[PDB]
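What follows is the content of start-v6.cif, which has mmCIF, C-alpha atoms and all ligand atoms:
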```cif
data_work
#
loop_
_atom_site.label_atom_id
_atom_site.label_comp_id
_atom_site.auth_asym_id
_atom_site.auth_seq_id
_atom_site.Cartn_x
_atom_site.Cartn_y
_atom_site.Cartn_z
CA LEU F 48 -165.53 45.92 -15.83
CA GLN F 49 -167.79 46.59 -18.80
CA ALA F 50 -169.49 43.64 -20.43
CA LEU F 51 -168.78 43.75 -24.17
CA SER F 61 -165.30 58.07 -30.18
CA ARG F 62 -166.74 59.17 -26.84
CA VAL F 63 -167.78 62.30 -24.99
CA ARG F 64 -167.66 62.61 -21.21
CA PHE F 65 -170.07 64.57 -19.03
CA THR F 66 -169.87 65.01 -15.26
CA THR F 67 -172.68 63.77 -13.05
CA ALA F 68 -173.25 67.36 -11.90
CA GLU F 69 -173.63 68.83 -15.38
CA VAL F 70 -175.97 66.03 -16.45
CA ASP F 71 -177.96 66.44 -13.25
CA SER F 72 -178.26 70.23 -13.62
CA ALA F 73 -179.39 69.96 -17.24
CA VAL F 74 -181.82 67.13 -16.48
CA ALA F 75 -183.33 69.14 -13.62
CA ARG F 76 -183.81 72.19 -15.84
CA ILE F 77 -185.00 70.42 -18.98
CA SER F 78 -187.28 67.88 -17.32
CA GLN F 79 -189.10 70.73 -15.55
CA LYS F 80 -189.44 72.77 -18.72
CA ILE F 81 -190.90 70.01 -20.89
CA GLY F 82 -192.87 68.00 -18.32
CA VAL F 83 -190.94 64.73 -18.33
CA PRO F 84 -190.01 63.20 -15.00
CA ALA F 85 -186.38 63.65 -13.97
CA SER F 86 -186.47 60.09 -12.65
CA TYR F 87 -186.92 58.82 -16.23
CA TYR F 88 -183.66 60.47 -17.26
CA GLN F 89 -182.00 59.02 -14.19
CA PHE F 90 -183.30 55.56 -15.13
CA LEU F 91 -182.32 55.71 -18.81
CA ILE F 92 -178.91 57.38 -18.76
CA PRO F 93 -177.03 54.65 -16.84
CA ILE F 94 -178.52 51.91 -19.06
CA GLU F 95 -177.52 53.59 -22.32
CA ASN F 96 -174.11 54.95 -21.34
CA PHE F 97 -170.93 54.11 -19.47
CA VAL F 98 -170.96 55.10 -15.83
CA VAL F 99 -167.63 56.42 -14.62
CA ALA F 100 -166.38 57.83 -11.32
CA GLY F 101 -167.12 61.46 -12.08
CA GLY F 102 -169.95 61.09 -14.58
CA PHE F 103 -170.90 59.34 -17.79
CA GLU F 104 -169.20 58.56 -21.07
CA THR F 105 -171.26 58.25 -24.20
CA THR F 106 -170.46 56.82 -27.61
CA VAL F 107 -170.84 59.36 -30.43
CA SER F 108 -169.68 57.34 -33.43
CA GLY F 109 -171.66 54.88 -35.50
CA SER F 110 -175.42 54.56 -35.88
CA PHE F 111 -176.42 55.24 -32.27
CA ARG F 112 -175.05 58.29 -30.52
CA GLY F 113 -174.97 60.39 -27.38
CA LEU F 114 -176.70 60.16 -24.03
CA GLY F 115 -179.92 58.99 -25.69
CA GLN F 116 -178.21 56.63 -28.13
CA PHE F 117 -180.32 58.02 -30.94
CA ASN F 118 -180.05 57.10 -34.56
CA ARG F 119 -180.52 59.72 -37.27
CA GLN F 120 -183.97 58.48 -38.25
CA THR F 121 -185.42 58.80 -34.74
CA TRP F 122 -183.75 62.14 -34.16
CA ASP F 123 -185.05 63.50 -37.48
CA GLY F 124 -188.49 62.16 -36.60
CA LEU F 125 -188.53 64.56 -33.66
CA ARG F 126 -187.48 67.49 -35.82
CA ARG F 127 -190.29 66.63 -38.24
CA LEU F 128 -192.71 67.02 -35.34
CA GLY F 129 -191.49 70.60 -34.91
CA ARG F 130 -189.06 70.07 -32.05
CA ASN F 131 -186.18 72.54 -32.14
CA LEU F 132 -183.12 70.31 -32.35
CA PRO F 133 -179.86 70.67 -34.27
CA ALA F 134 -178.95 68.11 -36.93
CA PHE F 135 -178.52 64.62 -35.52
CA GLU F 136 -174.75 64.51 -35.93
CA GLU F 137 -174.34 67.78 -34.03
CA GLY F 138 -177.03 67.49 -31.37
CA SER F 139 -176.35 63.87 -30.46
CA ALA F 140 -172.85 64.91 -29.30
CA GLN F 141 -174.28 67.70 -27.14
CA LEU F 142 -175.60 67.60 -23.59
CA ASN F 143 -178.66 69.82 -23.80
CA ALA F 144 -179.88 68.78 -27.24
CA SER F 145 -179.60 65.08 -26.38
CA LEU F 146 -181.50 65.60 -23.12
CA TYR F 147 -184.26 67.52 -24.88
CA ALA F 148 -184.47 64.73 -27.49
CA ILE F 149 -184.76 62.00 -24.83
CA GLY F 150 -187.64 63.92 -23.31
CA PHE F 151 -189.41 64.81 -26.54
CA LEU F 152 -189.25 61.16 -27.50
CA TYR F 153 -190.72 60.12 -24.12
CA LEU F 154 -193.63 62.50 -24.73
CA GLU F 155 -194.33 61.16 -28.22
CA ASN F 156 -194.02 57.55 -27.10
CA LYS F 157 -196.39 58.19 -24.20
CA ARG F 158 -199.02 59.30 -26.73
CA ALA F 159 -198.38 56.25 -28.92
CA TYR F 160 -198.60 53.84 -25.98
CA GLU F 161 -201.78 55.32 -24.57
CA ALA F 162 -203.48 55.36 -27.99
CA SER F 163 -202.89 51.63 -28.59
CA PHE F 164 -203.34 50.39 -25.04
CA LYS F 165 -206.22 52.43 -23.74
CA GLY F 166 -206.50 52.59 -19.96
CA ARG F 167 -202.88 51.47 -19.40
CA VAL F 168 -200.06 53.39 -17.68
CA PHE F 169 -196.83 54.48 -19.43
CA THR F 170 -194.23 53.51 -16.82
CA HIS F 171 -190.49 54.26 -17.05
CA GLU F 172 -189.58 50.77 -18.21
CA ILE F 173 -192.33 50.86 -20.86
CA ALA F 174 -191.00 54.28 -21.94
CA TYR F 175 -187.52 52.78 -22.15
CA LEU F 176 -188.82 49.90 -24.28
CA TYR F 177 -190.33 52.45 -26.65
CA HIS F 178 -187.03 54.38 -26.66
CA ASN F 179 -185.00 51.23 -27.30
CA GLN F 180 -187.08 49.52 -29.99
CA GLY F 181 -188.98 52.46 -31.45
CA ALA F 182 -192.72 52.79 -31.00
CA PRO F 183 -193.75 50.40 -33.81
CA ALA F 184 -191.46 47.57 -32.69
CA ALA F 185 -192.18 48.28 -29.02
CA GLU F 186 -195.90 47.73 -29.51
CA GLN F 187 -195.02 44.56 -31.44
CA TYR F 188 -192.92 43.28 -28.54
CA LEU F 189 -195.70 44.02 -26.07
CA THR F 190 -198.22 42.04 -28.11
CA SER F 191 -195.99 39.19 -29.35
CA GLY F 192 -193.34 38.82 -26.63
CA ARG F 193 -190.65 38.81 -29.33
CA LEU F 194 -188.23 41.69 -29.96
CA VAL F 195 -187.97 42.99 -33.53
CA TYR F 196 -184.44 44.13 -32.71
CA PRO F 197 -183.25 41.45 -30.22
CA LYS F 198 -179.54 42.36 -30.18
CA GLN F 199 -179.64 44.41 -26.99
CA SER F 200 -177.56 44.49 -23.81
CA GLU F 201 -178.56 42.34 -20.82
CA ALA F 202 -179.62 45.46 -18.92
CA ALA F 203 -181.77 46.58 -21.86
CA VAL F 204 -183.31 43.11 -22.09
CA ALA F 205 -184.05 43.08 -18.35
CA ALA F 206 -185.67 46.49 -18.65
CA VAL F 207 -187.91 45.56 -21.57
CA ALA F 208 -188.89 42.27 -19.90
CA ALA F 209 -189.93 44.23 -16.83
CA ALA F 210 -191.79 46.63 -19.13
CA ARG F 211 -193.85 43.83 -20.65
CA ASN F 212 -194.57 42.48 -17.17
CA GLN F 213 -195.82 45.89 -16.03
CA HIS F 214 -197.82 46.28 -19.23
CA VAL F 215 -199.72 43.02 -18.89
CA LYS F 216 -200.46 43.03 -15.17
CA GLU F 217 -203.32 45.15 -13.90
CA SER F 218 -201.68 46.31 -10.70
CA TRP F 219 -198.59 46.09 -8.53
CA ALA F 220 -198.55 42.70 -6.83
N1 LIG X 1 -183.76 53.09 -30.70
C1 LIG X 1 -184.32 52.87 -32.00
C2 LIG X 1 -184.61 51.43 -32.20
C3 LIG X 1 -184.59 51.20 -33.66
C4 LIG X 1 -185.40 51.96 -34.48
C5 LIG X 1 -185.38 51.77 -35.84
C6 LIG X 1 -184.53 50.81 -36.37
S1 LIG X 1 -184.47 50.53 -38.10
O1 LIG X 1 -185.38 49.47 -38.47
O2 LIG X 1 -184.98 51.66 -38.83
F1 LIG X 1 -183.01 50.20 -38.50
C7 LIG X 1 -183.71 50.04 -35.55
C8 LIG X 1 -183.74 50.24 -34.19
#
```

Turn this file's structure into structure tokens for me.
Ligand SMILES: NCCc1ccc(S(=O)(=O)F)cc1
Amino acid sequence: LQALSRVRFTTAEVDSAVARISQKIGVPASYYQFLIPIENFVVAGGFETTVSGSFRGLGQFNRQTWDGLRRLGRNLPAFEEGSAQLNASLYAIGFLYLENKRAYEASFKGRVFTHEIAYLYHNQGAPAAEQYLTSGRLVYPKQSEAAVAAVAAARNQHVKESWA
């Protein structure tokens, strides 16, 4: 029962594409495996993803974030087309991870960009993510309980020097 237009992908086709794309662009497959179930609806034979409204596809991108990646030179279709597609959305998730990793490491020198921190950056955007890490307050607080748990864990990991 889920706590309260779609496209459906099978687990196999998502897995195959993740395996291929993650290898090609140097983003861990485990990050995709972490993020996809948080952002989308898990069903028996795969995942369903919302492709209407402001946030769309497996990465739940908005147009501004998607276009930000294109501005960096990433080869993506237009937001409205790519966000409904398997491969383009997976590339975008990964490209965004790579850019957010750079942003995190530049502001918090000597710190490690973990999956939950990467998800926080994905969820809030890099500016607001850094603001949450410093202030403890989300700029965009209207998130799911799973998203909130993930970003809380992210801040915990950020602050603490080591596993413990
Ligand atoms: N996942 C992106 C998080 C995000 C990024 C930007 C905004 S907005 O201020 O431009 F409406 C809102 C939410």

Top pick for closest residue to residue 148 (chain F), considering F:123, F:161, F:95, F:217 and counting all atoms listed in the file:
F:123

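Neighbours of residue 136 (chain F) closer than or equal to 12 Å, with all atoms listed in the file counted and sequence neighbours fewer than 4 positions away skipped, come out as residues 107, 108, 109, 110, 111, 112, 113, 116, 117, 118, 119, 120, 122, 123, 132, 140, 141, 144 and 145 of chain F.
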
Find the residues around region 185-196 of chain F up to 10 Å (only C-alpha atoms counted), leave out those fewer than 4 positions away in its own chain, and share them as a list in words.
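Surrounding residues, per the criterion: residues 156, 159, 160, 163, 164, 173, 174, 175, 176, 177, 178, 179, 180, 181, 204, 207, 208, 210, 211, 212, 214 and 215 of chain F.
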
Separation of CA of residue 146 (chain F) from CA of residue 50 (chain F), in Å and rounded to one decimal:
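One can read the CA of residue 146 (chain F) to CA of residue 50 (chain F) distance as 25.2 Å.
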
Interatomic distance, CA of residue 201 (chain F) to atom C6 of ligand LIG 1 (chain X) (Å, one decimal)
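Computing it gives 18.7 Å between the two atoms.
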
Counting only C-alpha atoms and all ligand atoms, the option among F:220, F:149, F:154, F:168 closest to ligand LIG 1 (chain X):
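Looking at the shortest contact to ligand LIG 1 (chain X), the residue is F:149.
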
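A straight line drawn from CA of residue 105 (chain F) to CA of residue 213 (chain F) is 28.7 Å long.
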
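For the choices F:51, F:115, F:209, F:67, the atom-to-atom distance to residue 150 (chain F) is smallest for F:115 when using all atoms listed in the file.
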
Residue nearest ligand LIG 1 (chain X) - candidates F:153, F:97, F:65, F:88, atoms counted: all atoms listed in the file
F:153

Give, as AutoDock Vina command-line options, the centre coordinates and the x, y and z edge lengths in Å to one decimal for an axis-aligned box around all listed atoms of ligand LIG 1 (chain X), padded by 3 Å on each side.
```
--center_x -184.2 --center_y 51.3 --center_z -34.8 --size_x 8.4 --size_y 9.6 --size_z 14.1
```

Considering only C-alpha atoms, can you say which of F:167, F:62, F:76, F:216 comes closest to residue 106 (chain F)?
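Once distances to residue 106 (chain F) are computed over only C-alpha atoms, the minimum belongs to F:62.
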
Between F:134, F:63, F:125, F:182, which one has atoms that come closest to ligand LIG 1 (chain X), using all atoms listed in the file?
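Of all the options, F:182 lies closest to ligand LIG 1 (chain X).
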
Could you model N, CA and C atoms for region 177-209 of chain F and present them as a short mmCIF file (atom, residue, chain, number, x, y, z; two decimals), keeping the file's coordinate frame?
```
data_model
loop_
_atom_site.label_atom_id
_atom_site.label_comp_id
_atom_site.auth_asym_id
_atom_site.auth_seq_id
_atom_site.Cartn_x
_atom_site.Cartn_y
_atom_site.Cartn_z
N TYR F 177 -190.00 51.65 -25.48
CA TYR F 177 -190.33 52.45 -26.65
C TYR F 177 -189.10 53.19 -27.18
N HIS F 178 -188.28 53.73 -26.29
CA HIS F 178 -187.03 54.38 -26.66
C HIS F 178 -186.09 53.42 -27.38
N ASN F 179 -185.97 52.22 -26.84
CA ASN F 179 -185.00 51.23 -27.30
C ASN F 179 -185.38 50.62 -28.64
N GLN F 180 -186.64 50.25 -28.81
CA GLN F 180 -187.08 49.52 -29.99
C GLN F 180 -187.75 50.41 -31.02
N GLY F 181 -188.11 51.63 -30.63
CA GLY F 181 -188.98 52.46 -31.45
C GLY F 181 -190.43 52.09 -31.20
N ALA F 182 -191.33 53.05 -31.35
CA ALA F 182 -192.72 52.79 -31.00
C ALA F 182 -193.37 51.63 -31.77
N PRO F 183 -193.15 51.54 -33.10
CA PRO F 183 -193.75 50.40 -33.81
C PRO F 183 -193.30 49.04 -33.27
N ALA F 184 -191.99 48.84 -33.16
CA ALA F 184 -191.46 47.57 -32.69
C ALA F 184 -191.77 47.35 -31.21
N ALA F 185 -191.86 48.42 -30.44
CA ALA F 185 -192.18 48.28 -29.02
C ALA F 185 -193.58 47.70 -28.84
N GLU F 186 -194.54 48.24 -29.57
CA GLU F 186 -195.90 47.73 -29.51
C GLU F 186 -195.91 46.27 -29.94
N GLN F 187 -195.13 45.94 -30.97
CA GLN F 187 -195.02 44.56 -31.44
C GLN F 187 -194.44 43.62 -30.39
N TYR F 188 -193.45 44.08 -29.63
CA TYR F 188 -192.92 43.28 -28.54
C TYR F 188 -193.97 43.08 -27.45
N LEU F 189 -194.69 44.14 -27.11
CA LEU F 189 -195.70 44.02 -26.07
C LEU F 189 -196.77 43.00 -26.45
N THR F 190 -197.19 42.99 -27.71
CA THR F 190 -198.22 42.04 -28.11
C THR F 190 -197.67 40.62 -28.31
N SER F 191 -196.49 40.50 -28.91
CA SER F 191 -195.99 39.19 -29.35
C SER F 191 -195.03 38.53 -28.36
N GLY F 192 -194.36 39.33 -27.54
CA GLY F 192 -193.34 38.82 -26.63
C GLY F 192 -191.99 38.61 -27.30
N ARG F 193 -191.87 39.02 -28.55
CA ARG F 193 -190.65 38.81 -29.33
C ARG F 193 -190.11 40.15 -29.81
N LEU F 194 -188.83 40.42 -29.56
CA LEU F 194 -188.23 41.69 -29.96
C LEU F 194 -187.93 41.71 -31.46
N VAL F 195 -188.29 42.81 -32.12
CA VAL F 195 -187.97 42.99 -33.53
C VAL F 195 -186.47 43.17 -33.69
N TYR F 196 -185.87 43.86 -32.73
CA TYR F 196 -184.44 44.13 -32.71
C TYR F 196 -183.85 43.52 -31.43
N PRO F 197 -183.62 42.20 -31.43
CA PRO F 197 -183.25 41.45 -30.22
C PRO F 197 -181.82 41.65 -29.72
N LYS F 198 -180.95 42.22 -30.54
CA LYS F 198 -179.54 42.36 -30.18
C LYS F 198 -179.34 43.55 -29.26
N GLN F 199 -179.73 43.37 -28.00
CA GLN F 199 -179.64 44.41 -26.99
C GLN F 199 -178.82 43.90 -25.81
N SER F 200 -178.34 44.83 -24.99
CA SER F 200 -177.56 44.49 -23.81
C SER F 200 -178.43 43.74 -22.79
N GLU F 201 -177.80 43.06 -21.84
CA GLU F 201 -178.56 42.34 -20.82
C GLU F 201 -179.39 43.29 -19.96
N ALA F 202 -178.87 44.48 -19.68
CA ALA F 202 -179.62 45.46 -18.92
C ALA F 202 -180.83 45.96 -19.70
N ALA F 203 -180.66 46.16 -21.01
CA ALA F 203 -181.77 46.58 -21.86
C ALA F 203 -182.83 45.49 -21.94
N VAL F 204 -182.39 44.24 -22.09
CA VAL F 204 -183.31 43.11 -22.09
C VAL F 204 -184.07 42.99 -20.76
N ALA F 205 -183.38 43.15 -19.64
CA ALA F 205 -184.05 43.08 -18.35
C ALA F 205 -185.10 44.18 -18.26
N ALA F 206 -184.76 45.36 -18.76
CA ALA F 206 -185.67 46.49 -18.65
C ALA F 206 -186.91 46.26 -19.50
N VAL F 207 -186.74 45.75 -20.72
CA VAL F 207 -187.91 45.56 -21.57
C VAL F 207 -188.76 44.38 -21.11
N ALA F 208 -188.13 43.36 -20.51
CA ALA F 208 -188.89 42.27 -19.90
C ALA F 208 -189.75 42.77 -18.75
N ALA F 209 -189.17 43.62 -17.90
CA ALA F 209 -189.93 44.23 -16.83
C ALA F 209 -191.06 45.09 -17.39
#
```
